[PDB]
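Structural overview for review
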Amino acid sequence: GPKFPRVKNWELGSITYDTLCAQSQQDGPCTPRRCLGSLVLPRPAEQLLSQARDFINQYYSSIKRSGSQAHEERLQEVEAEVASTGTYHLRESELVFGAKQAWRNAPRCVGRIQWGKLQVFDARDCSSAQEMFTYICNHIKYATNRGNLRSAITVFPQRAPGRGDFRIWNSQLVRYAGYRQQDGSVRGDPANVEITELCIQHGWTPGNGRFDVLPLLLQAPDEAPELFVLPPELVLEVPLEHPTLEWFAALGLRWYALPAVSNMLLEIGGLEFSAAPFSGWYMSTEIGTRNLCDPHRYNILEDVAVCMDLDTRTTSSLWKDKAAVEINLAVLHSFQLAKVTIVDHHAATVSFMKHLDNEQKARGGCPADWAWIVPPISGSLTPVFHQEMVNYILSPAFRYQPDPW
Amino acid sequence: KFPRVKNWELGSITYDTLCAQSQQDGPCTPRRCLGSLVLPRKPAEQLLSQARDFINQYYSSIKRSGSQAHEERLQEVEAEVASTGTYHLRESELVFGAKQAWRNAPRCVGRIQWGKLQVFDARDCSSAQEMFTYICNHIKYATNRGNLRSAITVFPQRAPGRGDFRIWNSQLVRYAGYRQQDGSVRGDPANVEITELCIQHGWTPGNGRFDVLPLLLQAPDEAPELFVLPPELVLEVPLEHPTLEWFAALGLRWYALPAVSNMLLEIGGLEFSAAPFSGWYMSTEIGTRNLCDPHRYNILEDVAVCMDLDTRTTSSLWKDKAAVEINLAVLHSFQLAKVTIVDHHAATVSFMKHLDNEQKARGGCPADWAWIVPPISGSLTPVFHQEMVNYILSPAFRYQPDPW
Ligand code: HEM
Ligand code: HEM
Ligand SMILES: Fc1cccc(CCNCCNc2ccnc(-n3ccnc3)n2)c1
Ligand SMILES: Fc1cccc(CCNCCNc2ccnc(-n3ccnc3)n2)c1
Ligand SMILES: C[C@H](O)[C@H](O)[C@H]1CNc2nc(N)[nH]c(=O)c2N1
Ligand SMILES: C[C@H](O)[C@H](O)[C@H]1CNc2nc(N)[nH]c(=O)c2N1
Ligand SMILES: OC[C@@H](O)[C@@H](O)[C@H](O)[C@H](O)CO
Ligand SMILES: OC[C@@H](O)[C@@H](O)[C@H](O)[C@H](O)CO
Ligand SMILES: [Zn+2]
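Residues numbered from 1 in each chain as written, not as in the entry; some residues may be left out. Chains lettered and ligands numbered in written order. Heavy atoms only, no water.

Method of determination for the deposited model, per the PDB record: X-ray crystallography, at 2.087 Å resolution.

Labelled according to the PDB entry, chain B appears under the name NITRIC OXIDE SYNTHASE, ENDOTHELIAL, originating from Bos taurus.

By the naming in the PDB entry, chain A is NITRIC OXIDE SYNTHASE, ENDOTHELIAL, taken from Bos taurus.

This is how it looks when you write it as structure tokens:
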């Protein structure tokens with residue numbers, strides 16, 4: 001056969017070869033001697049220019065003007081810019097293309113069937129924390145759209161050599177506070193204890209609920225981060241109820257509509273956008289299974305199973321499984337009731353399979369992180385479980401970056 | 001560099017140093033990870049070094065390393081490879097090698113049990129008939145009236161001058177799959193090809209959904225021979241649900257003994273092409289994969305309809321709900337039948353314990369996260385939150401191509 005990874009779908013028996021991986025200009029953490037594909041985290045003008053040239057080539061390919069005069073002119077314009085400044089700047093349409101391509105290229109995102117439909121907000125003119133806040137508020141308003149969620153990304157100015165970064169300190173635009181208690185337990189989201197304490201140290205009067213929306217800690221270059229409280233009316237939340245378990249509503253659970261990652265680095269052509277929050281809509285298991293049922297998160301599995309009167313004293317009763325299913329159903333039912341976009345893990349994974357087929361034809365493959373694409377409940381009940389996947393890093397890319405503090 | 005391995009639920013970090021012991025390459029490269037792939041895409045000195053390495057492991061295990069009998073045994077192996085191009089394991093070494101292959105098996109969640117393995121030396125087997133007798137004893141021993149006991153039976157090693165001893169079945173016990181005229185399959189669609197091979201080799205087919213296949217056993221360079229397992233040897237569990245009284249009427253059942261019969265056991269450079277092993281089931285293998293996979297018995301919709309769920313839409317999570325009840329039925333029924341089974345919560349918890357032991361014992365543990373994390377309720381189990389390093393240690397079980 002061909003010398004490219006052979007990729008099998010075990011449910012269907014179909015075979016594809018990934019040739020796209022040939023485009024990867026960046027090494028992952030795996031070697032022939034060991035696979036580290038389950039690790040969450042991994043671990044100069046000449047370099048910039050090659051990355052720039054490569055991106056400009058991608059861009060001109062995408063507009064079908066590869067090799068053209070404008071392509072060569074743009075390439076030269078970029079070299080000369082890097083020549084005199086040590087950096088360069090993207091044209092608006094390049095930024096739009098690059099942002100979309102970074103999403104398209106994101107191995108961990110199951111939502112990529114939507115990749116061509118991304119509203120890119122250019123906020124590269126932003127010059128203060130206050131303006132960052134306005135742009136973020138605007139983003140949230142646009143993306144939330146009163147429950148009819150729209151994918152969006154707001155791109156703040158790129159890392160500039162000699163100058164400090166724009167950084168959103170929160171990992172998400174909307175996340176709930178986590179308050180460490182005397183007993184050592186946490187009220188709210190344990191994931192967010194550190195950022196919550198930073199909000200308080202920076203002047204935020206903290207609530208004491210399990211679902212207090214965190215304020216934004218926004219950092220303009222070479223300034224201390226500034227604190228901005230999101231106006232409650234901008235943050236759409238959904239009270240959780242269950243379609244058949246009437247008591248479920250009395251748990252007082254809720255989640256926010258808008259999943260917006262705010263601390264990833266968007267890298268395009270060697271340029272680094274350290275603040276480029278993007279948002280899509282939730283896949284229900286992100287909330288139902290991970291946020292609400294993770295032992296290190298809200299960890300509500302036992303609470304719900306007890307209310308369901310399950311035998312929580314034995315693993316074989318599958319109480320964790322029964323309760324998790326009902327929480328997930330409650331999440332779906334409540335978002336649907338509240339008319340807030342949400343996709344269940346079956347619809348999401350079916351759409352990702354369609355995406356894989358599209359991308360096979362468009363690009364000869366699709367980088368995908370199986371561990372992340374397969375949902376955290378009902379894994380093999382979704383088609384992606386049976387789909388071998390090849391993981392590799394393509395640029396443009398979203399990258400994790402260390403917390404600014 | 002040693003991979004830093006974090007558990008995201010507990011925040012604890014380990015470093016895998018064991019992976020440095022890997023002498024065999026997996027499918028990954030820095031350019032791309034192929035960790036989700038089920039199968040791999042594809043002389044005296046090398047054998048001698050694998051042999052020496054293994055003998056060294058063996059003598060280190062009985063803490064007689066560098067000793068006398070150690071050096072004699074290394075000498076024996078060297079003299080035998082030098083003159084014959086191969087060598088033979090002492091039974092004690094074979095026993096050690098098999099347990100170690102199990103211990104090293106990245107996809108096995110049952111490895112807490114690795115030290116308790118009954119090893120049957122069937123290397124004195126000269127015919128398919130004798131293989132069948134060994135296999136029958138294996139099954140009897142392993143099944144043990146439902147009190148399942150891990151076992152492996154090791155048939156003669158591969159030899160350069162001849163065909164392999166092979167069991168053609170992928171499992172000792174598996175159900176037939178009969179391709180119907182209308183393209184559908186009665187029974188297990190996973191077994192259509194082996195079912196057809198059995199028929200072509202003269203088996204009279206049943207037409208049930210759960211007809212236990214006969215064994216196609218191949219002695220070297222001979223046509224495979226067909227042997228029917230004595231039904232009394234094949235313990236089966238009718239599946240009923242503890243609360244859904246209609247579930248038993250589905251007529252579903254599964255066999256007690258999960259026994260892989262087509263993997264190659266490699267020990268010290270020697271390859272055992274037939275070395276069927278068995279443990280006991282983790283419920284999700286049956287409830288979720290065997291019964292609910294779309295390309296297997298695919299019973300999700302039937303159960304969901306019997307549960308009277310809204311089957312028309314994904315958002316009702318009928319699949320998830322049905323799957324849970326099926327797994328619950330499997331556990332209840334095996335527990336009712338007094339047949340050893342482990343649920344995926346118990347199994348993954350014990351596996352975490354095993355990871356801890358192995359971290360202390362050997363500085364790591366090869367683990368294939370995609371396989372260790374159960375097919376349902378992944379993140380509800382501790383292994384989901386556990387980063388794992390996957391690599392090939394020897395002794396090893398490896399896949400091998402189907403003999404036909
Ligand atoms: C449109 C609806 C979308 C859906 C349903 C969706 C779905 C998902 C899901 C379920 C994850 C796993 C997150 C986790 O478990 O932590 C994820 C991750 C990710 N998504 Fe999306 N996504 C969507 C939109 C977007 C957009 C608009 C972008 C960027 C422009 C994007 C880029 C990413 C990236 C970079 C990750 C990795 C995040 C991480 O590793 O923490 N996604 N997506
Ligand atoms: C004692 C109880 C045992 C349990 C609960 C157990 C559990 C499992 C499970 C859940 C898998 C994944 C199976 C699949 O989905 O295909 C597996 C695979 C495997 N197990 Fe075990 N196992 C046990 C005993 C053994 C023994 C005795 C051996 C060998 C001596 C063994 C070696 C292996 C190997 C090599 C695999 C990979 C098989 C494959 O890729 O198809 N296991 N085990
Ligand atoms: F940098 C890191 C260090 C440790 C864990 C980690 C995982 C981050 N995942 C958080 C949840 N992912 C989210 C959250 C909200 N929204 C999305 N989202 C939005 C659109 N597509 C996905 N994804 C990163
Ligand atoms: F060579 C291959 C080609 C395609 C799939 C594949 C994996 C199939 N795995 C079969 C199910 N695994 C089983 C079955 C029975 N028994 C166990 N088992 C018993 C003890 N430990 C595991 N595991 C190999
Ligand atoms: C250890 C493991 O890599 C880790 O728990 C991963 C597994 N898969 C995941 N998949 C998604 N979508 N999101 C996650 O946070 C994780 N966590
Ligand atoms: C494509 C994917 O690797 C394949 O479906 C794997 C996923 N995880 C698995 N895990 C186990 N335990 N058994 C399996 O057969 C599989 N199949
Ligand atoms: O409270 C601090 C954590 O939420 C923070 O460190 C996040 O885990 C991080 O920003 C995710 O990238
Ligand atoms: O019907 C033949 C299949 O059961 C067989 O090819 C298995 O999939 C394979 O042998 C598993 O190793
Ligand atoms: Zn890998």
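**Let's talk about the site of ligand 1**
Residue and element names in this part refer to chain A. The condition is simple: It suffices for a single heavy atom of a residue to lie within 4 Å of a molecule or strand for the residue to be listed as near it. Here a polar contact is recorded for every N or O atom pair within 3.5 Å, except that within protein the pair must consist of a potential hydrogen donor and a potential acceptor, and residues adjacent in sequence are included only if both atoms are side-chain atoms. Any residue that is not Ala, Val, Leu, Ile, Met, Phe, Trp, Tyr, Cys, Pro, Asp, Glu, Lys or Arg is counted as polar, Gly included; the first ten are nonpolar and the last four charged. The source of the domain bounds is an automatic or database domain assignment.
Contacts to ligand 1 come from 19 residues, most closely from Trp103, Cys109, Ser151, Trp372 and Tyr400. Taking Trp103, its side chain carries an N or O atom lying 3.2 Å from a nitrogen atom of ligand 1. Between ligand 1 and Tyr400, the relevant distance is 2.2 Å, taken from an oxygen atom to a side-chain nitrogen or oxygen of the residue. For the shell around ligand 1, the residue count by class is 13 nonpolar, 4 polar and 2 charged. Here the shell around ligand 1 spans two domains, and each of domain 1 (18-124 + 151-161 + 265-279 + 349-373) and domain 3 (237-259 + 282-347) adds at least three residues to it.

**Comments concerning the nonpolar core**
We count it as follows: What we call a nonpolar core is a set of buried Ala, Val, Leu, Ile, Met, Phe, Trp, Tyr and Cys residues that are connected through their side-chain atoms within 4.5 Å. To sort residues, take the accessible area from a 1.4 Å probe on protein chains only and compare it with the maximum for the residue type: under 20% means buried, over 50% means exposed, and anything in between is partly exposed. A run of DSSP states H or I qualifies as a helix once it reaches four residues; a run of E qualifies as a strand once it reaches two. Both are numbered from the N-terminal end.
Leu217, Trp254, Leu291 and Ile326 of chain B are the most contacted members of the largest nonpolar core, which has 61 residues in total. By residue number, the principal contributor to this core is helix α8 (residues 318-336) of chain B, which donates 9 residues. Of all hydrophobic cores here, the second largest spans 60 residues; its members include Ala152, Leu230, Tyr298 and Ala323 of chain A.

**Some thoughts on unusual backbone geometry**
Between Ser395 of chain A and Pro396 of chain A the backbone carries a cis peptide bond, its omega angle lying at 5°. Among the structural elements, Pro396 of chain A can be located in the loop between α10 (370-373) and β18 (397-399). Each neighbour pair has its own omega, and for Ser394 of chain B with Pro395 of chain B the value is 0°, a cis peptide bond. By the element assignment, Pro395 of chain B lies in the loop between α10 (369-372) and β18 (396-398).

**Remarks on the packing of aromatic side chains**
Spelled out, the test is: Working definition: rings of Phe, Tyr and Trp (its six-membered ring) pair if their centres are within 6.5 Å, and the pair is stacked with planes under 30 degrees apart, edge-to-face with planes over 60 apart, and tilted otherwise. Consider the ring centre and the ring normal. A charge sits over the ring if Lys NZ or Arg CZ is within 6 Å of that centre and within 35 degrees of that normal.
Applying the stated criterion across every chain, the model contains 37 aromatic pairs over all chains. With centroids separated by 5.2 Å and ring planes inclined at 55°, the aromatic side chains of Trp369 of chain B and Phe384 of chain B adopt a geometry described as tilted. Within this pair, whereas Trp369 of chain B is found in helix α10, its partner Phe384 of chain B is found in the loop between α10 and β18, the two being separated by 15 residues in sequence. Taken individually, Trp369 of chain B and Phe384 of chain B each receive the classification buried, so the pair is uniform in this respect. An aromatic cluster is defined as three or more aromatic residues linked by ring pairs; in this entry it consists of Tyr176, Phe211, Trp255, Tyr256, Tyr282 and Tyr298 of chain A. Sitting above the plane of the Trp10 of chain A ring, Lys8 of chain A keeps its charged end 3.8 Å from the centroid.

**Overview of the pattern of salt bridges**
Residues and elements named next belong to chain B. Worth spelling out the cut-off: Salt bridges are defined by distance alone: a side-chain nitrogen of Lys or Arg within 4 Å of a carboxyl oxygen of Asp or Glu.
Taken as a whole and judged by the stated rule, the model has 34 salt bridges over all chains. Note that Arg52 is salt-bridged to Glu78, the shortest N-O span being 3.5 Å. With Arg52 in helix α1 (residues 44-61) and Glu78 in helix α2 (residues 68-84), this residue pair connects regions lying 26 residues apart in the sequence. Under the relative-accessibility criterion, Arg52 is labelled partly exposed at 34%.

**Quick look at the pairing of strand β4 (residues 152-155) of chain A**
All names here are of chain A. What counts, and what does not: When DSSP finds two or more bridges between two strands, those strands count as paired. Orient the strands so they point away from the viewer; a crossover is then right-handed if the path from the first strand over the helix to the second runs clockwise.
Side chains of β4 alternate between two faces, with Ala152 and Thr154 and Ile153 and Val155 buried alike. Across 4 bridges, the pairing between strand β3 (residues 119-122) and β4 is parallel. Across the sheet, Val120 pairs through a bridge with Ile153, a residue of β4. In this fold, β3 hands off to helix α4 (residues 129-144), which returns the chain to β4; that crossover is right-handed. In this structure, β4 lies alongside strand β15 (residues 278-279), joined through 2 bridges in antiparallel fashion. Looking at the pairing, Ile153 lines up with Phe278 of β15.

**Focus on a positive patch on the surface**
As a reminder, the rule being used: Patch definition: residues above 30% relative accessible area lacking any salt bridge, with like charges linked at up to 9 Å and the nonpolar side chains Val, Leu, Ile, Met, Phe, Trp and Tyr linked at up to 5 Å. What sets the accessible areas is the Shrake-Rupley method with a 1.4 Å probe; for residues, cover comes only from the shown protein chains. For the purpose of counting charges, residues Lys and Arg are taken to be positive, whereas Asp and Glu are taken to be negative. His and the chain ends are not included. The atoms used to mark charge sites are NZ of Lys, CZ of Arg, CG of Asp and CD of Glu.
Taken together, the side chains of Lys3 and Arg6 of chain A together with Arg41 and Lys42 of chain B make up a positively charged region of the molecular surface. Here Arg41 of chain B is to be found in the loop between β2 (13-15) and α1.

**Quick look at the side chain of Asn104 of chain B**
Definition in use: Contacts are residue-level and defined by heavy atoms, with any inter-residue pair within 4.5 Å sufficient.
Tracing the chain through its elements places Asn104 of chain B in the loop between α3 (91-103) and β3 (118-121). If we skip the residues at most four places from it in the chain, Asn104 of chain B touches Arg111, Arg362, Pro366, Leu393, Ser394 and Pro395 of chain B.

**Some points on the interface of chain B and chain A**
Condition: Put simply, buried area is the surface a 1.4 Å probe can reach on two separate parts but cannot reach once they are joined, added for both.
Counting residues at the interface gives 64 residues for chain B, matched by 67 residues for chain A. Interface area, chain B with chain A, both sides summed: about 5600 Å², of which 61% is carbon and sulfur. Looking only at chain B, the three residues that lose the most surface to chain A are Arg31, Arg41 and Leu380 of chain B, adding up to 12% of its buried area. Taken together, the links from chain B to chain A amount to 1 salt bridge. One salt bridge connects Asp25 of chain B with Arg33 of chain A, and the closest N-O pair in it is separated by 2.5 Å. With 10 residues, α8 of chain B is the single largest residue contributor to the side of chain B that touches chain A. Classifying every residue of the side of chain B that touches chain A gives 28 nonpolar, 21 polar and 15 charged.

**Some words on the site of ligand 3**
Around ligand 3, the neighbouring residues are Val40, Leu41, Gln172, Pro259, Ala260, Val261, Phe278, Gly280, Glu286, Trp372 and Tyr400 of chain A together with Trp8 of chain B. Proximal residues around ligand 3 fall on chains A and B, making this an inter-chain site. Computed on the free molecule, ligand 3 has an accessible area of 560 Å², of which 66% lies beneath the protein chains in the complex. Per-class residue counts for the shell around ligand 3 are 9 nonpolar, 2 polar and 1 charged.

**A short note on the domain arrangement of chain A**
Residues and elements named next belong to chain A. Partitioning chain A into structural domains gives domain 1 (18-124 + 151-161 + 265-279 + 349-373), domain 2 (125-150 + 165-236 + 400-404) and domain 3 (237-259 + 282-347). Computed over C-alpha atoms only, the centres of domain 2 and domain 3 are separated by 24 Å. Taken together, the contact between domain 2 and domain 3 spans 20 residues of the former and 19 residues of the latter. Of the roughly 1700 Å² buried where domain 2 meets domain 3, counting both sides, 55% is carbon and sulfur surface. Summed over the three residues of domain 2 that lose the most area to domain 3, namely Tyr176, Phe211 and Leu236, the buried surface amounts to 35% of that side. Where domain 2 packs against domain 3, one counts 1 salt bridge. Here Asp189 makes a salt bridge to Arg297, at a shortest N to O gap of 2.7 Å. Here domain 2 is connected to domain 3 by 10 residue pairs in polar contact. Here the side of domain 2 that touches domain 3 takes 3 residues from α4, the largest share from any one element. Looking at the side of domain 2 that touches domain 3, its residues break down into 11 nonpolar, 5 polar and 4 charged.

**Comments concerning the coordination of the zinc ion (ligand 9)**
Defined as follows: Listed donor atoms are N, O and S within 2.8 Å of the metal (Na, K and Ca: 3.2 Å). As water is not included, a site may look incomplete. Note on geometry labels: four donors, all angles 85 to 135 degrees, give tetrahedral; four donors become square planar and six octahedral when opposite donors are over 155 degrees apart and every other angle is between 65 and 115; remaining cases are irregular.
All of the protein donors around the zinc ion (ligand 9) are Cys30 of chain A (SG), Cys35 of chain A (SG), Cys28 of chain B (SG) and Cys33 of chain B (SG); their distances to the metal are 2.3 to 2.4 Å. Seen from the zinc ion (ligand 9), its 4 donor atoms lie at angles of 102 to 125°, and the figure they make is tetrahedral. One end of the pair, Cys35 of chain A, is in the loop between β2 (15-17) and α1 (45-62); the other, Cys28 of chain B, is in the loop between β2 and α1, on a second chain. Taken as a pair, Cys35 of chain A and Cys28 of chain B share a single burial class, namely buried.

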